[PDB]
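> Structure file data_0.pdb (PDB, C-alpha atoms) is given on the next line.
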MODEL        1
ATOM      1  CA  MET A   1      41.855 -62.860 141.887
ATOM      2  CA  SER A   2      40.495 -60.143 139.599
ATOM      3  CA  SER A   3      43.322 -57.864 140.732
ATOM      4  CA  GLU A   4      44.578 -56.983 137.252
ATOM      5  CA  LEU A   5      43.453 -53.386 137.768
ATOM      6  CA  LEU A   6      46.308 -53.025 140.257
ATOM      7  CA  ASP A   7      48.857 -53.519 137.476
ATOM      8  CA  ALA A   8      46.733 -51.565 135.000
ATOM      9  CA  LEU A   9      47.239 -48.336 136.945
ATOM     10  CA  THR A  10      50.979 -48.925 137.311
ATOM     11  CA  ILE A  11      51.307 -49.127 133.528
ATOM     12  CA  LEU A  12      49.875 -45.609 133.317
ATOM     13  CA  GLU A  13      52.167 -44.329 136.070
ATOM     14  CA  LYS A  14      55.117 -45.203 133.832
ATOM     15  CA  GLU A  15      54.004 -42.263 131.690
ATOM     16  CA  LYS A  16      55.157 -38.758 132.617
ATOM     17  CA  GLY A  17      52.483 -36.218 133.499
ATOM     18  CA  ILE A  18      49.987 -39.050 133.897
ATOM     19  CA  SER A  19      49.456 -39.328 137.653
ATOM     20  CA  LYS A  20      47.791 -42.687 138.297
ATOM     21  CA  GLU A  21      46.595 -41.326 141.642
ATOM     22  CA  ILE A  22      43.795 -39.545 139.784
ATOM     23  CA  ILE A  23      43.061 -42.647 137.710
ATOM     24  CA  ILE A  24      41.977 -44.606 140.784
ATOM     25  CA  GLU A  25      39.213 -42.033 141.231
ATOM     26  CA  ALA A  26      37.945 -42.839 137.738
ATOM     27  CA  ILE A  27      37.296 -46.493 138.570
ATOM     28  CA  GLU A  28      35.325 -45.687 141.721
ATOM     29  CA  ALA A  29      33.234 -43.014 140.004
ATOM     30  CA  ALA A  30      32.466 -45.659 137.381
ATOM     31  CA  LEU A  31      31.425 -48.484 139.706
ATOM     32  CA  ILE A  32      29.310 -46.159 141.846
ATOM     33  CA  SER A  33      27.780 -44.626 138.720
ATOM     34  CA  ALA A  34      26.998 -48.046 137.254
ATOM     35  CA  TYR A  35      25.140 -49.115 140.396
ATOM     36  CA  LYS A  36      23.602 -45.654 140.743
ATOM     37  CA  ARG A  37      21.574 -46.254 137.582
ATOM     38  CA  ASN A  38      19.687 -48.846 139.628
ATOM     39  CA  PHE A  39      18.469 -46.327 142.204
ATOM     40  CA  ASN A  40      19.659 -42.816 141.350
ATOM     41  CA  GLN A  41      16.480 -40.927 142.246
ATOM     42  CA  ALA A  42      15.707 -43.542 144.899
ATOM     43  CA  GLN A  43      18.737 -43.152 147.165
ATOM     44  CA  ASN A  44      22.383 -42.067 147.210
ATOM     45  CA  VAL A  45      25.475 -44.233 147.680
ATOM     46  CA  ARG A  46      29.242 -44.107 148.183
ATOM     47  CA  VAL A  47      31.619 -46.729 146.788
ATOM     48  CA  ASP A  48      35.104 -47.260 148.212
ATOM     49  CA  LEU A  49      37.778 -48.899 146.057
ATOM     50  CA  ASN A  50      40.802 -50.557 147.661
ATOM     51  CA  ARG A  51      43.862 -50.688 145.405
ATOM     52  CA  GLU A  52      45.597 -52.519 148.253
ATOM     53  CA  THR A  53      43.642 -55.722 147.630
ATOM     54  CA  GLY A  54      41.883 -54.752 144.414
ATOM     55  CA  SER A  55      38.639 -55.118 146.352
ATOM     56  CA  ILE A  56      35.510 -52.958 146.344
ATOM     57  CA  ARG A  57      32.643 -52.188 148.722
ATOM     58  CA  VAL A  58      29.446 -50.206 148.157
ATOM     59  CA  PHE A  59      27.829 -48.465 151.126
ATOM     60  CA  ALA A  60      24.670 -46.350 151.279
ATOM     61  CA  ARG A  61      24.697 -43.027 153.127
ATOM     62  CA  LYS A  62      21.518 -42.285 155.080
ATOM     63  CA  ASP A  63      20.582 -39.137 157.000
ATOM     64  CA  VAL A  64      20.446 -39.944 160.715
ATOM     65  CA  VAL A  65      17.369 -38.257 162.181
ATOM     66  CA  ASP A  66      15.127 -38.807 165.203
ATOM     67  CA  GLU A  67      12.249 -39.188 162.745
ATOM     68  CA  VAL A  68      12.180 -40.137 159.061
ATOM     69  CA  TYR A  69      12.006 -36.881 157.106
ATOM     70  CA  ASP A  70      13.302 -38.024 153.717
ATOM     71  CA  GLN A  71      11.190 -40.823 152.246
ATOM     72  CA  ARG A  72      13.908 -41.106 149.601
ATOM     73  CA  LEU A  73      16.602 -42.027 152.124
ATOM     74  CA  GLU A  74      16.770 -41.778 155.915
ATOM     75  CA  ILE A  75      17.793 -43.705 159.031
ATOM     76  CA  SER A  76      16.276 -43.557 162.515
ATOM     77  CA  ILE A  77      18.704 -42.592 165.278
ATOM     78  CA  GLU A  78      17.680 -45.792 167.059
ATOM     79  CA  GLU A  79      18.247 -47.860 163.916
ATOM     80  CA  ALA A  80      21.838 -46.680 163.494
ATOM     81  CA  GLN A  81      22.439 -47.574 167.142
ATOM     82  CA  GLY A  82      21.681 -51.192 166.303
ATOM     83  CA  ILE A  83      25.032 -51.433 164.538
ATOM     84  CA  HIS A  84      26.752 -48.370 165.995
ATOM     85  CA  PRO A  85      25.380 -46.553 169.071
ATOM     86  CA  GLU A  86      28.175 -44.012 168.628
ATOM     87  CA  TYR A  87      26.150 -42.369 165.859
ATOM     88  CA  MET A  88      24.115 -39.213 166.466
ATOM     89  CA  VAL A  89      21.259 -37.223 164.931
ATOM     90  CA  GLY A  90      22.684 -35.291 161.997
ATOM     91  CA  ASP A  91      25.512 -37.697 161.203
ATOM     92  CA  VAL A  92      25.730 -40.265 158.405
ATOM     93  CA  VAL A  93      25.714 -44.068 158.457
ATOM     94  CA  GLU A  94      27.128 -46.476 155.875
ATOM     95  CA  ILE A  95      25.707 -49.948 155.252
ATOM     96  CA  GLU A  96      26.767 -52.665 152.811
ATOM     97  CA  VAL A  97      24.560 -52.357 149.728
ATOM     98  CA  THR A  98      26.812 -53.924 147.097
ATOM     99  CA  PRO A  99      25.407 -56.791 144.987
ATOM    100  CA  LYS A 100      26.621 -60.381 145.304
ATOM    101  CA  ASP A 101      27.704 -60.145 141.665
ATOM    102  CA  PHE A 102      29.799 -57.011 142.167
ATOM    103  CA  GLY A 103      32.837 -59.256 142.497
ATOM    104  CA  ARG A 104      33.200 -59.633 138.737
ATOM    105  CA  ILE A 105      31.670 -56.241 137.951
ATOM    106  CA  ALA A 106      34.446 -54.592 139.959
ATOM    107  CA  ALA A 107      37.111 -55.843 137.552
ATOM    108  CA  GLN A 108      34.871 -55.160 134.555
ATOM    109  CA  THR A 109      34.472 -51.556 135.703
ATOM    110  CA  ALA A 110      38.103 -51.029 136.701
ATOM    111  CA  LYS A 111      39.392 -52.702 133.538
ATOM    112  CA  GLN A 112      37.224 -50.494 131.326
ATOM    113  CA  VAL A 113      38.237 -47.354 133.220
ATOM    114  CA  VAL A 114      41.998 -47.916 133.195
ATOM    115  CA  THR A 115      41.755 -48.775 129.499
ATOM    116  CA  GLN A 116      40.128 -45.413 128.782
ATOM    117  CA  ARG A 117      43.003 -43.556 130.439
ATOM    118  CA  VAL A 118      45.371 -45.326 128.044
ATOM    119  CA  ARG A 119      43.588 -44.408 124.813
ATOM    120  CA  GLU A 120      42.703 -40.998 126.251
ATOM    121  CA  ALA A 121      46.206 -40.109 127.437
ATOM    122  CA  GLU A 122      47.598 -40.782 123.962
ATOM    123  CA  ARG A 123      44.633 -38.904 122.497
ATOM    124  CA  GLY A 124      46.058 -35.628 123.769
TER     125      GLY A 124
ENDMDL
END
Could you write out this file's structure as structure tokens?


Amino acid sequence: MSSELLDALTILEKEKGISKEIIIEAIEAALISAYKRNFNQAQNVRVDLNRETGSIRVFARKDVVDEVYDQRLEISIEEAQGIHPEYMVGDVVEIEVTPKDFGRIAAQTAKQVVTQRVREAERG
């Protein structure tokens, strides 16, 4: 379901000099950017697109520190241990922060991105 993007990229691959490998990066940058508008100066984030199952997952990257130093975004060393005690002060932790409506948005973002590569590629 909503895995049309998978075929969208392939269509571009058929073209010479148009590596679809780089196209996949466009979709991600789009989805992450779209959600970033919600909290850009509030906190960072890293989206990971999976062309294998046409799925998508948004995770927030927080700075693991013994004590909160960045009011904008930070995670207590003890907090990260709650889900992964393997963490350590100075590392980074990722937590699901994607909306429950991202399911449809994913295709809407990937469909709009792949489409741009088509009109753009022919553009020059």

> Starting from the PyMOL selection byres ((chain A and resi 60) around 7), expand the selection into actual residues of this file and give them as a VMD selection string.

chain A and resid 44 to 46 58 to 59 61 to 62 94 to 97

> Find the residues around range 12-23 of chain A up to 8 Å (all atoms listed in the file counted), leave out those fewer than 2 positions away in its own chain, and share them as a PyMOL selection string.

chain A and resi 8-10+25-27+114+117-118+121

> If we count all atoms listed in the file, what is near residue 99 in chain A at a cut-off of 12 Å, once residues fewer than 4 positions away on the same chain are taken out, given as a ChimeraX atom specification?

/A:31-32,34-35,38,47,56-59,103-106

> Name every residue that the PyMOL selection byres ((chain A and resi 65) around 7) selects in this structure, writing the answer as a list in words with chains first and numbers rising.

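Applied to this file, the PyMOL selection byres ((chain A and resi 65) around 7) returns residues 63, 64, 66, 67, 68, 75, 76, 77, 89 and 90 of chain A.
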
> How many Å separate CA of residue 51 in chain A from CA of residue 86 in chain A?

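One can read the CA of residue 51 in chain A to CA of residue 86 in chain A distance as 28.8 Å.
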
> Taking (43.5, -58.8, 141.0) in the coordinates of the supplied file, I want to know which residues reach to within 9 Å of it, counting all atoms listed in the file; could you give the answer as a list in words?

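Output: residues 1, 2, 3, 4, 5, 6, 7, 53, 54, 55 and 107 of chain A.
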
> Please provide as a VMD selection string all residues within 8 Å of residue 72 in chain A, with the sequence filter that same-chain residues fewer than 5 positions apart are discarded (counting only C-alpha atoms).

chain A and resid 41 to 43

> Find the distance between CA of residue 36 in chain A and CA of residue 109 in chain A and write it in Å to one decimal.

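Here the two named atoms are 13.4 Å from each other.
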
> So how many Å separate CA of residue 48 in chain A and CA of residue 24 in chain A, to one decimal?

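Those two atoms sit 10.5 Å apart.
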
> Step by step, gather every atom of range 26-43 of chain A that the file lists, find the box along x, y and z that holds them, add 3 Å on each side, and finally give centre and edge lengths in Å to one decimal, as lines of an AutoDock Vina configuration file.


center_x = 26.8
center_y = -45.0
center_z = 142.2
size_x = 28.2
size_y = 14.2
size_z = 15.9

> Would you mind telling me which residue in A:88, A:111, A:101, A:80 lies nearest to residue 28 in chain A when using all atoms listed in the file?

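Smallest separation from residue 28 in chain A among the options: A:111.
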